[PDB]
Number of protein chains: 4
Amino acid sequence: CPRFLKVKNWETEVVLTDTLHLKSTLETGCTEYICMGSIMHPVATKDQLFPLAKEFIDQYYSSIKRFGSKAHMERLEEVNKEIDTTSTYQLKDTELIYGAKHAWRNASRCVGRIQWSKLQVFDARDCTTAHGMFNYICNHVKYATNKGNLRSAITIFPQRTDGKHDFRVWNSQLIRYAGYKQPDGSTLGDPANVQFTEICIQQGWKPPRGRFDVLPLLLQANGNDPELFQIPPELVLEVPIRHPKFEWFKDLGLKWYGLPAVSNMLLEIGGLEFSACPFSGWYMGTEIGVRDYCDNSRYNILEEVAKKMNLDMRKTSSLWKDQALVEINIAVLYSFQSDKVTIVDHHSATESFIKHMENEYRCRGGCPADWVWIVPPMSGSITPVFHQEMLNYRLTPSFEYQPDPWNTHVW
Amino acid sequence: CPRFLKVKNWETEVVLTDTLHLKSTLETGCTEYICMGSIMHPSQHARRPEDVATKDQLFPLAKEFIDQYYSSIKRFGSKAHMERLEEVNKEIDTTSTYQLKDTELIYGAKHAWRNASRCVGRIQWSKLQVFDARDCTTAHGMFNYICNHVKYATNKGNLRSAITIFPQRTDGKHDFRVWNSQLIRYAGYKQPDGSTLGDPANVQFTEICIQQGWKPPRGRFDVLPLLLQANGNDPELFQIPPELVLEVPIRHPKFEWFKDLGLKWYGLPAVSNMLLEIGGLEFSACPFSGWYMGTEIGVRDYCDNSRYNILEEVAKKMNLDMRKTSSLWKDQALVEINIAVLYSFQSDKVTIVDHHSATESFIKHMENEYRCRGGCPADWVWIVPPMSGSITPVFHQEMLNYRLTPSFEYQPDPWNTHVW
Amino acid sequence: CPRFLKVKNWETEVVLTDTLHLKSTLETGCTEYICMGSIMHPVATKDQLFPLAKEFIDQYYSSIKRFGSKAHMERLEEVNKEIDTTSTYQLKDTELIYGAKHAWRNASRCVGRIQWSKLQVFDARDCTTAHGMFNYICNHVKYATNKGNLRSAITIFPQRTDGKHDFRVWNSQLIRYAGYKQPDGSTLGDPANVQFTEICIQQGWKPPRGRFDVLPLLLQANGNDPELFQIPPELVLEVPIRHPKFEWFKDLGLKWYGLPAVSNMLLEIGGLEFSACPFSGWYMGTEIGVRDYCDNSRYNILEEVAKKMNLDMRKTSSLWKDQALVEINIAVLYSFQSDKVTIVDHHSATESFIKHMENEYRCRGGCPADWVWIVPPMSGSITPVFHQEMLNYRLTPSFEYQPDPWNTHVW
Amino acid sequence: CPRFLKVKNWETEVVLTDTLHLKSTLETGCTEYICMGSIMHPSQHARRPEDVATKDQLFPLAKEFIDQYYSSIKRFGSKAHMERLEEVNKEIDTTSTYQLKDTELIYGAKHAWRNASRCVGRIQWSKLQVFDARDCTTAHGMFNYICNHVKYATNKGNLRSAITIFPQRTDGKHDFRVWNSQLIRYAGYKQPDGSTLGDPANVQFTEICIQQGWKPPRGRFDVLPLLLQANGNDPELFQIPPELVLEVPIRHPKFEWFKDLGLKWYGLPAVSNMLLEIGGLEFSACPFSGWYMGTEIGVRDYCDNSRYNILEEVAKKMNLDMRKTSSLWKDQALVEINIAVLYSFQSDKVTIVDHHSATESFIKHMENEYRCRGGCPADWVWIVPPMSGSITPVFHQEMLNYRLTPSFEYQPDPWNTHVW
Ligand code: HEM
Ligand code: HEM
Ligand code: HEM
Ligand code: HEM
Ligand SMILES: c1cncc(CCCNCCc2ccnc(-n3ccnc3)n2)c1
Ligand SMILES: c1cncc(CCCNCCc2ccnc(-n3ccnc3)n2)c1
Ligand SMILES: c1cncc(CCCNCCc2ccnc(-n3ccnc3)n2)c1
Ligand SMILES: c1cncc(CCCNCCc2ccnc(-n3ccnc3)n2)c1
Ligand SMILES: C[C@H](O)[C@H](O)[C@H]1CNc2nc(N)[nH]c(=O)c2N1
Ligand SMILES: C[C@H](O)[C@H](O)[C@H]1CNc2nc(N)[nH]c(=O)c2N1
Ligand SMILES: C[C@H](O)[C@H](O)[C@H]1CNc2nc(N)[nH]c(=O)c2N1
Ligand SMILES: C[C@H](O)[C@H](O)[C@H]1CNc2nc(N)[nH]c(=O)c2N1
Ligand SMILES: [Zn+2]
Ligand SMILES: [Zn+2]
């Protein structure tokens with residue numbers, strides 16, 4: 001209603017038909033009179049939980065082609081009686097694995113989704129302490145890093161109960177570099193992590209006060225106060241950045257960590273909320289070379305690189321910024337590849353995604369995709385996704401944003 | 001329910017408050033459940049293009065516009081206001097249409113631009129030359145007016161924004177149309193090869209010109225003739241006199257071989273297939289023009305696979321290793337091509353803006369609009385340049401998109417609606 | 001999107017979940033800011049026809065559980081090649097029957113839909129002349145009337161081609177009484193048919209000028225001028241109206257035809273348009289007893305019946321109209337039943353409809369329903385449908401209104 | 001795509017033109033593809049009931065309201081208007097809410113009634129006694145106010161339209177609520193045999209009263225006590241003085257046995273569980289009362305299967321043959337029941353209107369509204385009486401349904417939300 005929505009690719013003229021949108025039950029933020037597509041960010045009762053859980057179990061049995069089976073009906077009644085008696089329910093191992101892979105599949109902002117069926121799911125629902133999370137997270141990192149041959153993974157910690165016993169990873173990612181405010185107003189390190197860094201220092205962390213200090217983990221178990229753990233540095237794979245042509249590039253002293261791991265999202269499955277669900281894939285080059293390095297509010301390195309390139313920086317029309325941007329990203333890929341750390345360029349990534357998408361239309365009736373995020377932050381129209389119309393809508397299971405734990409936690 | 005909306009700029013932390021969207025009356029295409037932000041021509045429940053506004057459609061569209069004009073000149077509720085409203089209503093009642101005053105036409109056109117959420121050049125919105133062509137009755141008349149526009153707008157390379165507005169629709173069978181999508185474009189030819197010579201985007205329109213008697217030079221940069229429809233008649237061919245057509249040969253400040261690629265482009269960017277809608281009136285022929293942002297030419301026109309597709313050609317001459325995508329040879333060539341376009345326009349003294357300059361200006365414009373107007377409808381998908389996105393400020397700037405009227409609307413290509 | 005909608009019955013507290021609304025592709029008339037629920041009324045190119053045909057063919061093959069089969073794929077090719085060469089296509093007999101039955105099934109304004117699958121389909125697509133139409137219509141009347149034991153049926157004449165060769169039954173119904181405007185402004189007969197009666201007279205029909213004269217048929221074949229045909233009187237079943245207690249009722253001289261046959265609607269199946277598709281079922285009493293007899297703009301008999309009942313007509317609060325109304329409707333039912341003419345009272349009808357809805361929600365995931373039309377014109381809240389929430393949406397195949405042929409026709 | 005809309009009456013052929021709907025700001029719950037005209041409480045994308053208005057929601061709702069008020073007294077753009085508007089904004093900015101002047105409160109209450117698309121009594125909209133109870137602080141305070149209301153409204157049988165408005169929501173933790181759905185209703189008791197003694201619609205609420213200390217007489221027409229919640233506190237019980245509760249014994253003007261059925265009803269129909277929204281301000285306790293239409297009692301209260309369900313009992317005393325539906329025994333008893341109710345109220349000099357008279361007035365009302373206001377939002381499903389529909393003019397009247405503010409809204413039953 002409308003049953004069918006068409007997307008057109010204006011390069012290839014290929015038109016696909018979406019019916020997957022019909023399965024959407026959650027609102028996106030737009031209305032018929034306003035679109036919020038460029039906005040970054042547009043206690044479960046018994047009554048509420050029965051249907052959310054039914055929706056999921058049905059979806060799961062439909063997927064293994066056993067919809068309506070004695071197993072289907074049995075699980076359905078077990079879950080319902082489990083929620084009747086305990087006001088919540090627990091997922092089967094099969095269900096947890098399926099739901100996690102499907103949240104990834106449904107992540108409309110992730111360009112990496114062709115990989116969605118290949119995900120190592122670590123079940124950490126038996127975890128009860130912060131040192132326990134730290135062990136789990138350490139296993140996760142080691143597995144995923146795999147000496148540079150990166151592997152996709154997630155670690156799922158216990159679901160929320162009453163919102164007062166929440167497991168959280170306070171880090172926004174498992175591995176980031178610290179940020180420190182200087183007396184002159186500037187930032188040393190990554191300006192994104194100044195606040196988090198302060199909380200760590202305030203919690204006892206001894207900072208090297210350098211440009212690329214790997215942050216400690218701040219782990220919260222069962223609603224308790226978070227505890228500081230340092231990841232063993234042998235476990236943290238880093239890649240020093242150099243240029244295949246410019247030998248002065250290494251002189252800039254730039255590096256980045258190999259493992260991209262989001263740790264501040266909330267994984268929702270059948271109405272259950274896993275508020276500590278760190279996951280990791282591998283890097284697309286532009287995340288590091290365009291955003292992390294060249295965002296004005298990040299490491300902001302365009303000026304220095306341009307200087308060493310000896311470019312005329314007097315006029316914007318010389319595109320000196322654009323020239324540096326390419327060399328920078330060239331270096332990042334050149335460096336990761338040279339050290340045999342899994343990395344993908346934006347051309348290759350975006351081509352894979354179009355393929356994934358066409359697969360998804362063929363086998364699922366659509367692929368929710370957020371154009372604003374999917375198109376790379378440089379060279380946009382020279383990638384195929386720029387010319388690909390997309391539909392954005394919300395499917396469950398999903399990954400969602402949640403408040404930063406340090407805004408709602410009482411010590 | 002109605003509420004003010006915040007947009008945040010994620011680099012500057014600046015937060016603006018949108019109130020203007022509460023005045024929106026037209027649909028965006030999205031729903032509460034499905035966002036259509038990247039669909040080019042979403043369906044918006046707009047009435048069929050072959051149909052004309054009824055009285056019941058015209059009465060409120062006209063009142064809305066007359067109200068906002070008199071509001072804009074601080075005369076709202078005045079006797080002039082009331083009388084103008086009374087006159088407009090009688091015209092619609094007795095003729096089922098009405099005629100805009102000259103003042104209202106200029107205001108209307110300016111605001112359609114102001115409201116064009118896809119235009120990054122809108123800081124210039126109140127400096128628009130308006131040629132009122134409503135007395136035009138023939139194709140040759142349209143030719144004359146268009147030559148005037150091209151001449152005035154080109155201004156020997158010191159481009160001036162302009163729009164020429166032909167008579168509004170009536171019964172729907174007497175429409176004025178410029179068949180050309182732009183005033184100045186290059187022919188496209190399908191080759192025995194299977195390849196396309198020239199601009200592939202213009203292959204169909206070129207076939208029509210040839211079917212109508214045009215004699216194609218059959219080269220790579222043949223300026224197309226105008227195809228002009230006046231008063232619902234069959235369109236006639238006119239060659240724009242070539243001295244009025246400003247072109248820039250493309251060369252590079254460092255690579256001497258670049259000029260040998262034989263690239264060039266035209267100075268005057270002029271859209272001619274849109275519909276200008278003011279107070280329910282529809283101006284189906286309203287070509288308008290500003291000046292280029294370099295990426296328009298260097299990225300899209302030159303490097304789209306479905307356009308001139310020159311990436312491989314240029315990469316060859318730069319001696320790039322094109323065996324792996326991860327050498328980013330494509331992006332490297334793209335930047336150089338775009339350096340050349342900007343350099344060339346500047347050298348020939350032809351107005352052009354680079355994407356850094358244009359986007360910084362758009363941010364300024366937005367801040368002005370929020371302060372003086374309560375917001376600024378903007379389509380992030382179109383506003384962010386096609387290369388180097390996140391190193392321009394607009395990438396980091398949240399934008400609300402909504403449709404205010406007066407506006408520029410899309411309309412069907414005329415060769416799909418016209419009977420001969 | 002939303003995937004699930006819920007309807008509640010406020011008498012029984014039963015909640016049903018609609019998913020069938022997702023299949024909708026046609027607009028209703030409402031927007032999010034205005035509801036048009038009580039408004040009575042809120043040629044196809046090659047490209048337009050392909051998807052319409054495909055949608056129908058698909059749903060047809062899905063309905064017989066042969067979707068994706070060999071046969072399905074071939075029928076799709078056949079139709080697409082047929083449109084490509086002829087700019088139209090022909091339905092197989094099986095498809096015509098399926099579409100007709102489903103148009104009925106989807107008719108949100110019809111309360112008799114429990115019978116939807118019991119529809120006799122007469123394929124009149126070979127018809128070429130008005131006399132041909134006349135012969136077909138007599139068959140339909142004889143068959144459907146069936147000596148009083150009414151049978152549902154539809155007769156489908158050829159589909160639109162270029163829009164200049166349409167088949168049309170100009171009669172709004174196959175059987176109706178004439179209406180003659182009197183000099184004093186009043187009307188003899190059925191005021192709703194004055195315009196059509198005049199047309200008929202103009203075409204050379206000799207009017208009896210009575211209160212219950214059966215109109216002739218005006219038949220348009222192949223876009224030609226309509227021709228007159230008198231239905232053989234023996235085929236027109238009629239019921240004299242009498243009351244089981246009021247012996248004076250028969251003296252009112254009232255009567256009515258037994259066969260309710262709608263003849264002015266358009267049947268749309270898979271993009272094809274059947275502009276002449278007369279259909280018939282049987283009467284719900286209130287159609288005659290309330291609307292035909294007691295509409296102010298129809299036979300408007302309330303006053304004379306009230307007079308014969310010796311009611312105090314001086315104050316509205318004596319509810320004399322309501323009293324008269326009930327007695328008139330008792331008379332209609334009693335009359336039809338006595339003569340063994342099929343008829344349903346509005347209680348039985350609405351009970352059956354609720355039962356139908358529940359079936360439809362079970363086996364189809366919903367049932368489009370126009371509450372404004374489904375709830376009977378008297379005694380609304382003592383019928384179950386009054387208390388039943390309903391969702392209205394347009395499914396295809398469908399019956400559509402079309403403009404009166406005497407507003408379009410050039411002679 | 002805004003347009004005037006036409007509504008037709010199909011008996012009289014009168015056609016009216018609706019311009020007022022263009023003002024509508026709230027959602028009906030329909031979409032273009034799915035009509036929800038018969039859904040009692042459609043999702044209309046309204047914020048969570050337990051949430052309060054933010055500054056960003058409040059500013060535009062307040063401006064819309066103040067604008068329509070000054071426009072109403074023909075002073076739009078005046079100094080008073082500009083000053084009042086500035087004053088309201090300062091209060092919102094400073095306190096995150098604001099206060100209505102007495103004039104604005106009266107105007108608002110009256111317009112909520114005028115805007116109520118489900119009320120057939122709206123020809124009376126301008127004659128409304130507003131009791132301003134915004135100085136109330138206690139449950140006993142509410143009780144006194146409510147007694148004043150019942151006494152004024154009842155006026156010894158000559159009923160008068162009235163509303164009592166209690167303090168507005170603040171942080172939603174100090175809400176004022178009348179837990180009763182109506183000021184005057186009868187208890188209901190579930191019985192061991194599974195039947196209900198009294199009104200089944202009030203079983204849950206009765207249980208709450210009994211659990212709170214109310215001593216039930218456990219009869220068939222027990223007048224319920226008030227459960228009053230002041231300032232977010234737990235509610236308190238108050239029995240209304242029985243001499244303030246006017247009741248009518250039901251008898252039949254021909255059927256002598258009818259009185260033996262022991263039926264009676266109350267004279268004052270007073271809704272007390274709705275939310276009055278004026279300019280973003282939310283009045284969660286706003287009991288209002290008018291007078292009964294006959295069918296509300298005779299058809300719904302007495303013949304609904306889920307209410308008093310008296311049909312078969314009356315039918316037996318009429319010695320009807322109840323063996324077949326087609327005898328229309330139900331329809332017969334129904335009419336007799338509704339005659340008895342009207343006769344009884346009239347005989348006791350207690351104001352009441354029959355459905356024929358009431359709907360004729362509504363048509364007249366509509367026609368006035370269209371003339372002076374350009375529209376009348378109306379919900380046909382609710383406006384058409386529940387018996388003898390098509391013999392009332394409203395059945396044949398096309399109506400457009402849209403939501404205007406100020407308005408009366410539904411809010412969750414207090415016991416489903418309240419913390420003790
Ligand atoms: C395996 C290789 C992967 C690649 C190349 C990839 C690529 C990307 C990229 C480039 C982004 C944009 C991030 C930003 O701009 O902030 C993203 C976001 C995202 N990805 Fe992936 N991804 C991969 C694996 C995964 C996995 C394993 C998951 C979860 C199981 C996942 C789920 C998500 C989600 C939920 C987002 C949204 C992040 C946010 O909103 O902040 N992706 N992905
Ligand atoms: C004066 C300098 C101007 C600049 C730098 C500029 C820039 C741009 C750019 C880069 C686009 C995107 C075009 C595309 O990618 O297809 C655009 C589109 C647009 N501009 Fe401008 N523009 C200017 C003047 C104008 C004027 C004078 C008008 C109208 C009076 C206007 C109205 C529009 C409209 C309606 C579009 C959307 C076109 C479409 O939807 O295809 N602009 N502008
Ligand atoms: C078999 C017993 C049937 C019963 C009891 C029945 C009952 C009704 C009733 C009471 C109406 C309302 C008509 C009005 O108030 O103007 C109606 C309308 C309608 N019926 Fe049926 N019907 C039957 C058979 C059929 C059949 C066989 C079809 C088609 C195959 C059909 C399709 C329709 C349609 C399309 C309408 C809407 C009429 C309009 O919009 O003008 N019905 N029906
Ligand atoms: C003066 C004589 C009045 C008459 C004859 C009358 C008639 C009616 C009727 C028959 C209903 C349908 C109720 C139902 O079936 O549940 C109704 C509803 C309603 N009335 Fe009135 N009314 C009157 C006065 C008022 C007044 C004074 C107000 C407010 C100040 C008002 C506001 C409403 C509202 C908001 C509804 C909808 C109630 C709901 O949705 O539950 N009415 N009216
Ligand atoms: C402003 C507002 N709101 C949010 C942000 C940052 C969001 C970060 N999104 C994910 C970034 C990221 C980092 C590392 N790895 C991955 N990652 C891993 C797998 N797929 C993506 N994503 C800034
Ligand atoms: C796919 C689908 N549907 C449409 C398109 C092309 C839209 C063209 N947009 C306008 C491009 C253009 C050309 C020349 N000048 C200007 N221009 C001049 C001033 N402002 C814009 N724009 C592609
Ligand atoms: C007012 C406005 N715009 C249109 C109309 C025509 C209403 C006709 N609806 C169908 C009436 C009818 C007559 C005879 N039979 C049947 N019928 C047969 C089966 N189902 C219904 N319906 C009236
Ligand atoms: C199911 C769901 N959700 C709600 C209901 C009952 C709705 C009650 N509407 C008001 C009934 C009423 C009672 C007494 N007086 C008045 N009343 C007074 C003035 N105007 C109407 N209305 C049933
Ligand atoms: C304002 C805008 O939404 C914001 O800058 C977005 C744009 N697109 C993005 N796309 C990706 N992949 N990642 C981002 O952080 C952003 N930032
Ligand atoms: C599918 C996508 O919307 C389409 O390619 C858009 C993207 N953004 C654009 N932006 C501009 N300025 N011009 C365009 O033609 C497009 N094309
Ligand atoms: C105005 C209103 O929509 C119109 O009178 C409708 C109401 N409901 C109806 N319901 C049926 N079944 N038939 C009708 O003709 C009508 N008429
Ligand atoms: C399902 C339907 O919306 C519901 O039963 C409505 C119908 N019309 C009504 N009309 C009025 N006046 N009051 C009601 O309670 C109802 N109930
Ligand atoms: Zn959107
Ligand atoms: Zn609706």
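One-based numbering, in listed order, for ligands and for the atoms of each. Chain identifiers are assigned alphabetically (A, B, ...) following the order of the sequence lines, protein sequences preceding nucleic acid strands; residue numbering begins at 1 within each chain.
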Using a 4.0 Å heavy-atom cut-off, say whether B:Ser289 meets ligand 2 through its side chain, its backbone, both or neither.
-> backbone

Any atoms of ligand 8 less than 4.0 Å from a non-hydrogen atom of D:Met40? List them with their elements.
-> 1 (C), 2 (C)

Heteroatom proximity flag, B:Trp382 to ligand 2, N/O under 3.5 Å | no

What's the shortest distance from atom 1 (C) of ligand 2 to any protein heavy atom, and which residue and atom give it?
-> B:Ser161 OG, 3.4 Å

Does some non-hydrogen atom of the protein lie less than 4.0 angstrom from atom 11 (C) of ligand 8?
-> no

Geometric class of the D:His41/D:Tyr410 ring pair [parallel <30°, tilted 30-60°, perpendicular >60°] | perpendicular

Name the closest protein heavy atom to atom 12 (N) of ligand 9, giving the residue it belongs to and the distance to 0.1 Å.
-> A:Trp373 O, 2.9 Å

Between B:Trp291 and ligand 2, which part of the residue brings a heavy atom under 4.0 Å of the ligand: side chain, backbone, both or neither?
-> both

Answer side chain, backbone, both or neither: which part of A:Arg291 comes under 4.0 Å from ligand 9, heavy atoms only.
-> side chain

Nearest 0.5 Å, what's the NZ-CH2 distance between D:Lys110 and D:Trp125?
-> 7.0 Å

Counting from 1, what ligand 8 atoms have a heavy atom of D:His41 closer than 4.0 Å?
-> 2 (C), 3 (N)

Who's the nearest protein heavy-atom neighbour of atom 2 (C) of ligand 9, and how far?
-> B:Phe395 O, 3.4 Å

In terms of the angle between their ring planes, are D:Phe288 and D:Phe408 parallel, tilted or perpendicular, with boundaries placed at 30° and 60°?
-> tilted

Taking non-hydrogen atoms only, is B:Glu296 closer than 4.0 angstrom to ligand 2 via side chain, backbone, both or neither?
-> side chain

Quick one: CD1 on A:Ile374 to CZ on A:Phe386, what's the gap to the nearest 0.5 Å?
-> 14.5 Å

For B:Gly290, the ligand 2 atoms with a heavy-atom partner under 4.0 Å come out as 1 (C), 24 (C)

Under 3.5 Å: N/O of B:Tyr410 near N/O of ligand 2 | yes

